[PDB]
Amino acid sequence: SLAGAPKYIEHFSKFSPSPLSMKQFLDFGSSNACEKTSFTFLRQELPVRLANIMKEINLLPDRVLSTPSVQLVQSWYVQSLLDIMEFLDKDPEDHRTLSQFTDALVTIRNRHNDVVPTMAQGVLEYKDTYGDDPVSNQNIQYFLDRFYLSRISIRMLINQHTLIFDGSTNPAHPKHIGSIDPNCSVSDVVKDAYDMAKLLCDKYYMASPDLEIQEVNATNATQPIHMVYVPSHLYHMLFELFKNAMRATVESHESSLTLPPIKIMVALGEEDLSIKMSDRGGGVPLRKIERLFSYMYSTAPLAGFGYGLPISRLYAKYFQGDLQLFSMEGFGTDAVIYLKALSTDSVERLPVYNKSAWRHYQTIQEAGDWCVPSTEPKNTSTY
């Protein structure tokens, strides 16, 4: 019941979300992936993940909350909570209850399909009024990484259930366990992502850098590098990075014609799988690197919006990896996706509401930790 929504939130937000390993996902979709145990798990966990993050939605400045776009996703989360909550006391071992559960998840996924651009519009709507505010910046930034990561994990869980149980029969990948490829060809995903970005590049500039691909398997000298991953997550990251590198290469070669290739390095160690994308696209000054992962910086008032970088990083952070950038202004840039090599180490990174999360919101403006130089420095030159 909609009236009781705030107490459902208070109930489930008290609980801690349950992070899963890729080993756990994979081992579950074994042979007799037990729909009963997937339903009963999700019936509980999804509300836990929803309530936790909604608790944090309610903690952002009222100037952001008031915007139509924010509230539009707030309304989506409230409904999703309820649609799922109408299953809590339903009976497993009944195919009706299970079948209409996956239907409900399909609807939730269709409902939440535009969450990314819509939350981005709310920040834009915030930017088209109060503008900038240091303390407000921090809170929105802290919130967005968490919100978006919470989202990816919710998508994950939903897709796993739907792809396995009979929201498929023909259209999927009859080798994947859900969205998970146990023998994912890292190189093929690199080539796929390159193909699309190149295509978009040629159809927006008429010029394009080539691809150079190299591999170093330090675990087995000769072996092509494969891993247990979600190829679409991987695809998203590389597709995005590729586009950034392609724009940069073409735009910084105003005198050119003779485009320096984008070089890819795939390394595998005992613990890491590293993918380095190198470009000779003129680089970015160091003080601007940090800005590039800011949501409030890359938005106004191949290159679409300005959320490709922060979001790709979240994809990489989701299974305990990272995406780091290091340019050299005047030469080019290196972007690096870091992934856990082992499916045991590939554990969900999930935001958690608690006193610790609460205090990251509503924080004060502090005095500088280090010296701040004067704008007009004292001229110490002689007579």
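Note that residue numbering follows the sequence shown and begins at 1.
- According to the entry, the deposited sequence places 10 or more unmodelled residues between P301 and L302.
- As the entry records it, the average C-alpha temperature factor is higher for 371-379, out of 371-379 and 8-16.
- Remark: stretch with higher mean C-alpha B factor among 278-286 and 69-77 is 69-77.
- Taking only the listed residues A33, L342, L350, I337, the entry reports the highest CA temperature factor at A33.
- Across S185, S294, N217, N244, the greatest Cα temperature factor reported in the deposited entry is at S294.
- Per-chain ranking of the deposited C-alpha B factor places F28 in the highest third.
- In the PDB entry, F305 places in the highest third of its chain by CA B-factor.
- Looking at the C-alpha B-factors along this chain, the one for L59 belongs to the highest third.
- Among the modelled residues of its chain, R111 has a C-alpha B-factor that falls in the middle third, as given in the PDB entry.
- Among the modelled residues of its chain, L42 has a C-alpha B-factor that falls in the middle third according to the deposited record.
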